[PDB]
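Encoded as structure tokens, the following chain is the form deposited in one PDB entry, with no partner shown.
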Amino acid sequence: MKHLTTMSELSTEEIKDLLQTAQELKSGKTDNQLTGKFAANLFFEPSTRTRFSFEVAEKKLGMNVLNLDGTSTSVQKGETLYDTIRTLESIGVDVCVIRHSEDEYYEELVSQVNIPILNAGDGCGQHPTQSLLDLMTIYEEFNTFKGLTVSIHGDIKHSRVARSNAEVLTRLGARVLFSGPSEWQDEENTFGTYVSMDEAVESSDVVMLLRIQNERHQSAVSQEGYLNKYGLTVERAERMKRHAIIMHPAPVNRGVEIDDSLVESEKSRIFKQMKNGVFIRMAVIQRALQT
């Protein structure tokens, strides 16, 4: 069954097929194979990009959509996630998109249900459709992953994005760098080399920024000086390679991880990422429901 839980479960060939399908859908390719099928979006945590790009994708595929907010009344408390899924199966749901607070809620659940589950974030674990759309954006820019340097910046240890991305990029032939407060690094990582932002900006083909959370940083790391100290300043961006790009999964904390003036600057692909996410999610749903 074609669940999508983690990037680790996709081969580099599967990944490349998904990017190619997404690119074709972006170019206007459409079919009616999924018309009238039902998708349920179960979001137990807040989301703007992922939730609504999934909805657009479902509707562009001609699907009927059920939306469940799990932190609300439309999901019984204590009443198991397994039962919720089985309930949805019973009423005719063909695929479920889930964002849940628990790391790896998927493992056990996925083996016991009978419709494909698409992980919309089990942070701080995995965010596979976010990795796919980042890869798609990088692939559109350079037409290969081999020999690229991609640097990822911020709280690496707690990032589902940074985690989905570093290992898969290296599997695809890229060199990965990390930067940020040393205390937010996992200095047991095999997939990236820790450097300073000032070094990373000059050697990277892709400068990937993470959101510096206001609501979670239980640290000795001030947001007020973050940009100057660690973030992508205008001066640092000016030292980027000619053909390099800036990426950020959003929402962007303007003036913290990045200078406000750079979010929509020439080298930025931040909003292009969001465009691509819809087509990636269409491809992933098609993979889930194909026979």
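Rigid core (definition): largest C-alpha set, two forms, superposition within 1.5 Å. Residues carry their position along the shown sequence, with the first being 1.
When the two stretches 73-81 and 89-97 are set side by side, the higher mean Cα temperature factor goes to 73-81. Relative to its counterpart among 110-118 and 214-222, 214-222 has the higher mean temperature factor, C-alpha atoms as listed in the PDB entry. Note on the listed residues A174, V201, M136, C124: the highest Cα temperature factor in the record is that of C124. Taking the PDB entry at face value, the top CA B factor among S27, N64, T50, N228 belongs to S27.
Looking at the C-alpha B-factors along this chain, the one for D155 belongs to the middle third.
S131: CA B factor lies in the lowest third for its chain, per the PDB record. Remark: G255 belongs to the lowest third of its chain, ranked by C-alpha B-factor as recorded. Placement of the Cα temperature factor of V284 within the chain: lowest third of the modelled residues, per the deposited record. In the PDB entry, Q33 places in the highest third of its chain by CA B-factor.
From this point on, the text means the form deposited in another entry, which you will not see here.
Residue shifts between the shown form and the other one, rigid core superposed: of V93, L172, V75, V195, the only C-alpha displaced by 2 Å or more belongs to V75. Once the rigid core is overlaid between the shown form and the other one, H158 does not reach a Cα shift of 2 Å, moving by less than that. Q218 shows a C-alpha shift of 2 Å or greater between the shown form and the other one [criterion: core-superposed Cα displacement of 2 Å].
Core-superposed comparison between the shown form and the other one: CA of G121 displaced by less than 2 Å. In contrast to the form presented, in the other entry the C-alpha positions of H217 and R51 spread farther apart by 3 Å or more.
A shift of at least 3 angstroms brings the Cα atoms of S72 and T87 nearer to each other in the other entry than in the displayed structure.
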